[PDB]
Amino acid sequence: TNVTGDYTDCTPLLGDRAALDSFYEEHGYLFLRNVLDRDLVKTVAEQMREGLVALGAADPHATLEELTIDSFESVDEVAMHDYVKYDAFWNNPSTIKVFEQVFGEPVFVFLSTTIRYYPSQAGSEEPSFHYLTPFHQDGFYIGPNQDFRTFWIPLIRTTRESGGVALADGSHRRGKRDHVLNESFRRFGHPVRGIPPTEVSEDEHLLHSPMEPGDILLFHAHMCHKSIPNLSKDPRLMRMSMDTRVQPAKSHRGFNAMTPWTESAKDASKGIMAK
């Protein structure tokens, strides 16, 4: 793996505004352990599971960690957005309290959330990983304001093998980087764009650590990050997660902030190619 390090546990920095902001400024992310209500997170995992039983031919008697699906692509993603009640989760007072502590002011949560339910493909000779993400910055496609932050949460635990999101430590300090067409990552049967290896720095150490439901990983608009594929074997786990963006309540609310995933993903996926 190109991963060379773990996320730093930033939870004890929450009590110190100056130290929290200092870490975030240098590194471009915060990793917070067990700050969300784990029981609330479980209910969202359960919602996703029931969607997968209805739409992905998942075992109706499997536990969350026993669950699998034959194919991410066979699942109607639009219909999954009716099952997973993410807005109710993000806007729960317990969740909002955490967001407000991070920003130090009232927040607005994007009306778009991406939901991810990725089965293990350990052993597959022709794995389907084209639905993952290349190295990119969320600020490449979200704007015009660049003061939102991405909030990424596991719905069930991740392992180093089941994957998640890898962060290039401190890669958010030189603005937007070039994103170029990459045939190996696709949405709606067309390539998307990612940051090429020539815009990657060896100094921006790649980080990924296992996370538990209740944890949050959040990062700057210019943080360069990529998906880690699910090659889990023991245990063989689904990688179940969701990501939204959050910004100060006073900041401009752009297209991405105001438009649900079902009404924007297709158009945005085409739109980025003209950027």
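Residue positions are given as counts along the sequence shown, with the first one as 1.
Taking the PDB entry as given, 7-15 carries the higher mean Cα B factor of the two stretches 7-15 and 250-258. Averaged over their C-alpha atoms, the temperature factors of 165-173 and 71-79 are higher for 71-79. Reading the B-factor column for the CA atoms of 63, 209, 241, 47 in the entry, the top value corresponds to 63. Looking only at 118, 188, 135, 185, the residue with the top Cα B factor in the deposited structure is 188. Remark: residue 139 belongs to the lowest third of its chain, ranked by C-alpha B-factor as recorded.
Among all modelled residues in its chain, residue 154 ranks in the lowest third by Cα B-factor.
For residue 128, the recorded CA B-factor ranks within the middle third of the chain. Only modelled residues enter the ranking. Per the PDB record, residue ranking by Cα B-factor puts residue 245 in the lowest third of the chain.
In the deposited entry, the Cα temperature factor of residue 235 sits in the top third of values across the chain's modelled residues.
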